[PDB]
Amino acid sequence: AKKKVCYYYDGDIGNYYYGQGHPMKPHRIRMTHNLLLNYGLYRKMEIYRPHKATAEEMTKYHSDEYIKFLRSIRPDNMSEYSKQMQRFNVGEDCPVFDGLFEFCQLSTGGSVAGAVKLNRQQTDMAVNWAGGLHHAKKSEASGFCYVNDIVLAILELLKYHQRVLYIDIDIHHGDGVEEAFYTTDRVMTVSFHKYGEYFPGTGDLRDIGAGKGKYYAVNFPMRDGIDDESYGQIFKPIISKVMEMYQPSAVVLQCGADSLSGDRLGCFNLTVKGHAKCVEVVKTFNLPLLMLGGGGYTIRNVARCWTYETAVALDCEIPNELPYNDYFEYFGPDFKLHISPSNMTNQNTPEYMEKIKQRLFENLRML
């Protein structure tokens, strides 16, 4: 039926700034929030402000040294930490900015808080659009991500769930999450991503897990230009089979929006409806569900996508005509919720889509 939804947001989020020209704009989370509030969606869900996750919380996965560094590093003391910066991959893609650690605390706090809420059976779904930082590693920043809120949330869920399923529709491979759980069967990770001379360079379909986790990592490598139809042909069959074989008791869905048509950094051709179809599919399994954000660099479309996916989680139909909001000018020239795909070529033939699906199905028979 209709599900109870708890939603995590801290209004301070939009004030963090990666620096001039950096494509990651935390402000997109405020835009998303402002938009969904103007559609009246606050009426249907509980809105929480997450706590700032502590170093204790973060060191449930990350090394004490990496976290102490993140707590210490500031733009005013960078010159002293030059070695440590290189060791932990900070100062380029992953810059030092004012309030960096607090920004990690806020985005992490939402995922961990949502996981606790699900564990206590006090919601059916928890939403943290500030989370989904899938590239962060035990002792290293990567791809704009510093602290892996997702691995932390999953570790929380594993306190009460024998098997947790992770699904990642970000255009990039979820390497940090896959890496953390690569050798366990208690977390199956499923990533659909662009593959071939593309960040982070991992997620070959032959990467299937190791030891006890062998066959519990599933990767669907894709080419430029994938569209709603190609994606839809593959997503539901794969997830259904995964659900059948794996029988998870909780699910974490990363909804990274850099897989949308027109993304500044991505090269997929999905609409908001195509992207959201993935949320609908996962929803129908009626399992405790943590939905997280992720990448997304054309910020008007990120706001539309996550607003609509919040509406999907709520089974709440919203008009295509955008309500007035604080960021109304970002949504021109159309001022509509939904987007059109571009005319870019889909390098993913139907045959390629079916062949990869078939290989993945063979692996799933091994469960």
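When you see a residue number, it is the position in the sequence shown, counting from 1.
The deposited model assigns a higher average Cα B-factor to 77-85 than to the other stretch when 77-85 and 237-245 are compared. Annotation for 89-97 versus 248-256: the higher mean temperature factor (C-alpha) is found in 89-97. Ranking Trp129, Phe268, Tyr231, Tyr166 by Cα temperature factor from the entry places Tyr231 first. Residue-level inspection of the entry shows that, of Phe220, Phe144, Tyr297, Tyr198, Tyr198 has the top Cα B-factor. Sort the chain's modelled residues by C-alpha temperature factor and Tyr352 lands in the lowest third, per the entry. Among the modelled residues of its chain, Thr32 has a C-alpha B-factor that falls in the lowest third according to the deposited record. Among all modelled residues in this chain, the alpha-carbon of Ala303 has a temperature factor (C-alpha) in the lowest third. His22: CA B factor lies in the middle third for its chain, per the PDB record.
For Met58, the recorded CA B-factor ranks within the middle third of the chain. Only modelled residues enter the ranking.
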